[PDB]
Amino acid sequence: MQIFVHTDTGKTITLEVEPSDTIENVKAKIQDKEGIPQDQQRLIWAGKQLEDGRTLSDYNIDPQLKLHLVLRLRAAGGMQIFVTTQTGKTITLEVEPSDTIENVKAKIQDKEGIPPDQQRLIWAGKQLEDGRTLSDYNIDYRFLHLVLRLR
């Protein structure tokens, strides 16, 4: 199957692999072609990071379709999202799609001192509920500029 790896500058790296091939084998081929060390690479599929030691088949990737991945460097960090407060101050958070809503509220408390029980987080009109992850709402690396509303 063909893989297409989209980078942050708009480049597309092409590979041809088997479904038994591991993620870390794909990073290895990106290293040879771009000089980016394997340990600096994060490969994102549908907004979610693929983990080493798994085959592509273990992610339920359909091998008759073209696989489209995003390359993000560890140096870029996690998702940078924005939270606007009761007053309208914008703050910056760095999260992962596997973070829970309470993890997210904990971070807001770390930066702003708002107890998590006082925090109501809304995403584009939908309240984000405790007990869920960002992923559950499909908040993941595909959202390039995400804004949450506080009250």
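Residue indices: 1-based, along the sequence shown.
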### 58-66 or 99-107, whichever carries the higher mean Cα B-factor
58-66
### Task
Can you let me know which of the two, 18-26 or 134-142, has the higher average C-alpha B-factor in the entry?
18-26
#### Entry: Selection from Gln118, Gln49, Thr84, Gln41 [criterion: highest C-alpha temperature factor in the record]
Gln118
### Message
Using the temperature factors of the C-alpha atoms in this entry, rank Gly35 within its chain: lowest, middle or highest third.
### Response
highest
### Task
Using the B-factors in the PDB entry, rank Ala75's C-alpha atom against the chain and give the third, lowest, middle or highest.
highest
### Message
Per the entry's values, where does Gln127 land by CA temperature factor relative to the rest of its chain, in the lowest, middle or highest third?
### Response
lowest
### Message
How does the C-alpha B factor of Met1 compare with the rest of the chain: lowest, middle or highest third?
### Response
highest
